[PDB]
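Here come the first chain(s), positioned as in the complex:
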Amino acid sequence: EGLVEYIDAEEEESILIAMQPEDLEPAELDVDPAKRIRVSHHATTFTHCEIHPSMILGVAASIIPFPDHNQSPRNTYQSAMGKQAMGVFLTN
Amino acid sequence: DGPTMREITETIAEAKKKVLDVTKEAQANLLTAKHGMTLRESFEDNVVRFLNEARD
Amino acid sequence: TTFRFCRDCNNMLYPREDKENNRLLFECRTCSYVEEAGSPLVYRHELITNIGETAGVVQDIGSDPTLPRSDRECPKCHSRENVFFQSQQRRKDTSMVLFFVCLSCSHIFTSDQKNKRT
């Protein structure tokens, strides 16, 4: 259908990407303090929108809970430990 | 505390406003020549120090 | 500088001085054609080049999403839609002077107040 496209890094240099699909819709106040500060994208045109930010992370990083709230080196250590951690590898 | 958090965000915002004003002055080229360093180097050092002071 | 190659053999012309009437003419070695030189300067060398502060500005360059959009406008276009880039030339001494191109004038307007050249 062409709703989605595959981009290489060289093609990525020429494109402009938005993390959140809510960035594109028009934005014509009170805010909860706990929510992290987001800089306005302030960009007219985006060629593409990232499907979800969490996809840049790996499988082990996808395991890690709230790594955005965590410091990154601890995330790396936990990825290695998670490879080391015991688990039922398969049902068979 | 919420009050201290508002002061925190205000401090960060003031640092950002100062950084943007310095950047505008760089764009206007109405920036004093600093001996022994490129003018871009001076801009980078000033912005970096601004952010460091904001965090501290 | 203007570089001239002779038309007959398409090889570079070399400077030559006529002493009796004291003028410079370009003579080519691959073929005997000799001509009068319009420009006084044989060779120039810029230690500091502003050349390339704007490189490859096209009409299509006004459409690319990666390029930023500014509020300011040139007096000639009188249209705000513009593209501002920092100097393409990579130098130890580089000015963070914004160079803007708007499509309707197709004229480059430069943020710096000091220089209005070109």
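Structure's in. What do you need? Numbering: from 1, shown residues only, chains lettered A, B, ... in the order given.

alpha carbons only for contacts and neighbour counts from here, please
OK.

mind checking the SS state of the residue sitting nearest the centre point of chain C?
In chain C, the residue lying closest to the centroid (C-alpha atoms, centre = their mean) is residue C:51, at 5.9 Å. For residue C:51, the assignment made with DSSP: H, G, I helix; E, B strand; the rest coil gives coil.

so how far is chain B from it?
Distance, residue C:51 to chain B, using C-alpha to the nearest C-alpha, to the nearest Å: 18 Å.

same question, residue C:39
34 Å.

Run a quick neighbour tally on that residue.
10 (other C-alpha atoms under 10 Å in any protein chain shown).

That one contacts residue C:2, correct?
Yes: in this structure, residue C:39 is within contact of residue C:2 by C-alpha atoms under 8 Å, at 7.5 Å.

on that earlier part again, could you report the separation of the residue nearest to the centre of chain C from residue C:13?
To residue C:13, residue C:51 is 25 Å away according to C-alpha to C-alpha, to the nearest Å.

Spell out which parts of chain A neighbour chain B.
residue A:33 (C-alpha under 8 Å from any C-alpha of the partner chain).

Residue B:34 and residue B:42 touch, don't they?
Yes: using C-alpha under 8 Å, residue B:34 makes contact with residue B:42 at a distance of 7.4 Å.

How many residues are close by the nearest residue to residue C:41 once chain neighbours are set aside?
Of all residues not flanking residue C:41 in the chain, residue C:1 sits nearest, at 6.8 Å (C-alpha to C-alpha, 6 or more residues apart in numbering or on different chains). A count of nearby residues for residue C:1, using other C-alpha under 10 Å, gives 10.

Next: the one 3 residues further on.
Applying the criterion other C-alpha under 10 Å, we find 17 residues in the vicinity of residue C:4.

Spatially, which residue comes closest to it, not counting chain neighbours?
residue C:13 (5.9 Å).

how near is that neighbour to chain B?
As judged by C-alpha to the nearest C-alpha, residue C:13 and chain B stand 41 Å apart.

Sequence for chain D below, add it please:
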Amino acid sequence: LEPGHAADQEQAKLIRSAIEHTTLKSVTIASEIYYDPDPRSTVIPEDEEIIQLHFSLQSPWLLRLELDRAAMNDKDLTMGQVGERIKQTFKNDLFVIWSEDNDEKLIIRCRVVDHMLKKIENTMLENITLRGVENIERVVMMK
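If we add chain D to the chains shown above, we get the following:
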């Protein structure tokens, strides 16, 4: 600083000026080679104004160098002093006129007294050292 010299911002500026290496390559905006058949009459109008200034008291090809005002302002060097250093290196092989420092545009013109002129221009930009300790590229003032 020398003993008994404190808060000598001025003297420290002069020391910095004396120690930093300064080259003709550093000060020159642009090197240009014109061919001017007549010593009295040049095609460039600014050079003609310099010629009419030179009413006091060879090769026709000439090298014209444009040097940056801001560099001269930062440096201890003056355009007359720069031309003097060029003359000292040339030992009257070549003759130099300097546009006045008061003039808004400053042209330094050198006529040999075109391969020789080109190689001499390169030799002059790279090899001419003016008011500077050799190995020091930069000096800054601090307390």
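
The neighbour count of residue C:39 with chain D there, same question as before?
Considering only other C-alpha under 10 Å, residue C:39 is surrounded by 12 other residues.

Residue C:46 versus that one, what's the distance?
Taking C-alpha to C-alpha, one finds residue C:39 at 17 Å from residue C:46.

ranges for the helices of chain B?
Here chain B has its helices, by DSSP state H, at B:2-27, B:39-55.

so which of these comes closest to chain D?
helix B:39-55 (13.5 Å; C-alpha to the nearest C-alpha).

residue contacts, the most centrally placed residue in chain B?
Nearest to the mean C-alpha position of chain B, by C-alpha atoms, centre = their mean, lies residue B:19 at 3.3 Å. Residue B:19 is in contact with B:47, B:50, counting by C-alpha atoms under 8 Å, 6 or more residues apart in numbering or on different chains.

and residue C:54, how many neighbours?
By the other C-alpha under 10 Å criterion, the neighbourhood of residue C:54 contains 16 residues.

and what of residue A:50?
Neighbour count of residue A:50, defined by other C-alpha under 10 Å: 13.

what's in contact with whichever strand or helix holds residue D:86?
Counting by DSSP states H and E, the element that carries residue D:86 is helix D:79-90. For helix D:79-90, contacts defined as C-alpha under 8 Å, 6+ apart pick out D:72, D:94-101, D:108, D:124, D:128, D:130.

and with 10 Å instead?
Outside of helix D:79-90, the residues within contact range by C-alpha atoms under 10 Å, 6 or more residues apart in numbering or on different chains are D:23-24, D:27, D:67, D:69, D:72, D:78, D:92-102, D:106-110, D:112, D:120, D:124-125, D:127-131.

just stretch C:61-75 next, same as before
Contacts with stretch C:61-75, where a contact means C-alpha under 10 Å, 6+ apart, come from A:13-17, A:42-47, C:78-85, C:100-111.

same thing with stretch A:3-14?
Here stretch A:3-14 makes contact (C-alpha under 10 Å, 6+ apart) with A:15, A:47-49, A:51, C:64-67.

And that stretch, end to end?
The straight-line separation of the ends of stretch A:3-14 (C-alpha to C-alpha) is 19 Å.

Another chain to add, chain E:
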Amino acid sequence: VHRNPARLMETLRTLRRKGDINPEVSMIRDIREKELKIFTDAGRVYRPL
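The block that follows adds chain E to the chains above:
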């Protein structure tokens, strides 16, 4: 070397959307460069967007 490259790139993008042009093949145009690079090469990582 091609003239009017934007129209050709528009057509190429429509073909890739159709799938007539393979989605893996990468087509990159830079206007300053005046350069269009097409890479059918294997082994380049791509992300879906």
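
The contacts of helix D:79-90 again, this time with chain E added?
So helix D:79-90 is contacted by D:23-24, D:27, D:67, D:69, D:72, D:78, D:92-102, D:106-110, D:112, D:120, D:124-125, D:127-131 (C-alpha under 10 Å, 6+ apart).

of these, buried ones?
Buried by 16 or more other C-alpha atoms under 10 Å in any protein chain shown: D:23-24, D:27, D:67, D:69, D:72, D:94-100, D:106-110, D:112, D:124-125, D:128-131, out of the contacts of helix D:79-90.

near chain C too, which of those?
Subset of those in contact with chain C: D:27, D:67, D:125, counting by C-alpha under 10 Å from any C-alpha of the partner chain.

Just send these back as CSV, with distance to residue D:7 and secondary structure too.
Formatted as CSV, these follow (distance: C-alpha to C-alpha, whole Å; DSSP: H, G, I helix; E, B strand; the rest coil):
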residue, distance to residue D:7, secondary structure
D:27, 29, helix
D:67, 33, strand
D:125, 36, helix
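
Just name the closest of these to chain A, please.
Chain A lies nearest to residue D:27 out of those, by C-alpha to the nearest C-alpha, at 38.9 Å.

In space, what's closest to the closest one - neighbours in sequence excluded?
Per C-alpha to C-alpha, 6+ apart, closest to residue D:27 is residue D:67, 5.4 Å.

Just say helix, strand or coil for residue D:71.
helix.

Confirm for me that it is in contact with residue D:26.
Yes: in this structure, residue D:71 is within contact of residue D:26 by C-alpha atoms under 10 Å, at 8.2 Å.

circling back: among the contacts of helix D:79-90, which ones are in strands?
D:67, D:94-98, D:107-110, D:112 (DSSP state E).

from those residues, which two are the most distant?
D:67 and D:112 (19.8 Å; C-alpha to C-alpha).

Leaving out the residues flanking it, which one is nearest to the residue in chain B that chain E sits nearest to?
Residue of chain B nearest chain E, by C-alpha to the nearest C-alpha: residue B:27 (22.3 Å). Once flanking residues are discounted, residue B:27 sits nearest to residue C:97: 4.4 Å by C-alpha to C-alpha, 6+ apart.

Distance of the one you found relative to chain D?
In terms of C-alpha to the nearest C-alpha, residue C:97 sits 18 Å off from chain D.
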